[PDB]
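Chain by chain, the residues run as shown.
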Amino acid sequence: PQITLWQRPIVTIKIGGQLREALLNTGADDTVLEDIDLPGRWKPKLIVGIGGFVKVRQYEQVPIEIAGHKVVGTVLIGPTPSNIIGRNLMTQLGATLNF
Ligand SMILES: [Cl-]
Ligand SMILES: [Cl-]
Ligand SMILES: [Cl-]
Ligand SMILES: [Cl-]
């Protein structure tokens with residue numbers, strides 16, 4: 001799609017049977033979601049949060065649909081004030097900023 005920026009660029013995402021929303025955030029390196037669960041192994045990761053650091057779970061090779069487009073990549077699961085799609089998945093989408 002072509003998404004204008006008059007409002008926050010929030011899109012529908014889906015991971016397995018979990019339909020959620022998230023912000024397309026070109027200021028974020030990584031993708032972090034609070035309200036989904038994934039099975040199996042993960043690696044711990046620190047991200048910045050208001051105490052200093054927040055521990056999240058890094059899951060690799062996750063199939064995710066973003067605004068109806070399927071990609072595969074890394075998803076962090078843990079506390080976040082909003083669900084964020086970062087550049088790691090936007091690069092998998094072939095997303096660009098255009099003006
Ligand atoms: Cl808004
Ligand atoms: Cl959407
Ligand atoms: Cl699922
Ligand atoms: Cl990735």
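Residues numbered from 1 in each chain as written, not as in the entry; some residues may be left out. Chains lettered and ligands numbered in written order. Heavy atoms only, no water.

The record lists X-ray crystallography as the method behind this PDB entry and 1.21 Å as its resolution.

Labelled according to the PDB entry, the chain appears under the name HIV-1 protease, originating from Human immunodeficiency virus 1.

*Asks:* Tell me what's going on with the pattern of salt bridges, and back it up with residues and numbers.
*Replies:* Using the criterion set out here, one finds two salt bridges in the structure. Among the salt bridges present, the one from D35 reaches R20, with a minimum N-O distance of 3.9 Å. Taken together, the residues span a long stretch of sequence, with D35 in the loop between β3 (32-33) and β4 (43-49) and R20 in strand β2 (residues 18-24) at a distance of 15 residues. (Salt bridge = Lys/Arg side-chain N within 4 Å of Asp/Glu carboxyl O. Helix = DSSP H or I, 4+ residues; strand = E, 2+ residues; numbered from the N terminus.)

*Asks:* So, the UniProt feature "domain: Peptidase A2" (unreviewed entry) in the chain: which residues are in play, and what are the values?
*Replies:* Using the residue numbers shown here, the UniProt feature "domain: Peptidase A2" (unreviewed entry) corresponds to residues 20-89. Taken end to end, residues 20-89 has its terminal C-alpha atoms 16 Å apart, with 4% of it in helix and 57% in strand. (UniProt positions renumbered as here; feature names shortened; annotations may be inferred.)

*Asks:* Kindly report on a nonpolar patch on the surface, identifying the contributing residues and their values.
*Replies:* On the surface, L46, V48 and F53 cluster together into a nonpolar patch covering about 370 Å² of accessible area. Along the polypeptide, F53 turns up in strand β5 (residues 52-66). Residue class for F53 comes out exposed when judged on its relative accessible area of 60%. (Patch = residues over 30% accessible without salt bridge, like charges linked within 9 Å, V, L, I, M, F, W, Y side chains within 5 Å. Areas by Shrake-Rupley, 256 points an atom, 1.4 Å probe, with all protein chains shown as cover. Buried < 20%, exposed > 50% of the residue type's maximum accessible area, 1.4 Å probe, protein only.)

*Asks:* Which residues make up the nonpolar core, and what values do they have?
*Replies:* Judged by nonpolar contacts, the single largest core of 17 residues is most densely connected at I13, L33, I64, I66, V75, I85 and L89. Top element by residues in this core is β5. It accounts for four residues. By size, the runner-up hydrophobic cluster in this structure holds eight residues, among which are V32, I47, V56 and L76. (Core = buried A, V, L, I, M, F, W, Y, C linked by side-chain atoms within 4.5 Å.)

*Asks:* How would you sum up the side chain of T31? Please name residues and give values.
*Replies:* Structurally, the position occupied by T31 is in the loop between β2 and β3. Side chain to side chain, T31 and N88 meet in a polar contact 2.8 Å long. Those residues in contact with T31 that sit more than four places away from it in its chain are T74, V75, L76, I84, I85, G86, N88 and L89. (Polar contact = N/O pair within 3.5 Å; in protein donor to acceptor, adjacent residues only side chain to side chain. Contact = heavy atoms within 4.5 Å.)

*Asks:* Any chance you could break down the pairing of β5 for me, citing the residues and the numbers?
*Replies:* In terms of strand pairing, strand β1 (residues 10-15) meets β5 through two bridges, oriented antiparallel. Across the sheet, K14 pairs through a bridge with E65, a residue of β5. Where β4 lies against β5, seven bridges are found, and the strand directions are antiparallel. Along β5, the bridge assignment pairs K43 with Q58. Linking two consecutive strands that pair antiparallel, namely β4 and β5, is a turn of two residues. Relative to strand β6 (residues 69-77), β5 runs antiparallel, the two sharing eight bridges. Across the sheet, the residue bridging to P63 is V72, located in β6. A loop of two residues connects β5 with β6, the two strands running antiparallel in sequence, and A67 in this loop sits at a positive phi of about 50°. (Pairing = 2+ DSSP bridges.)

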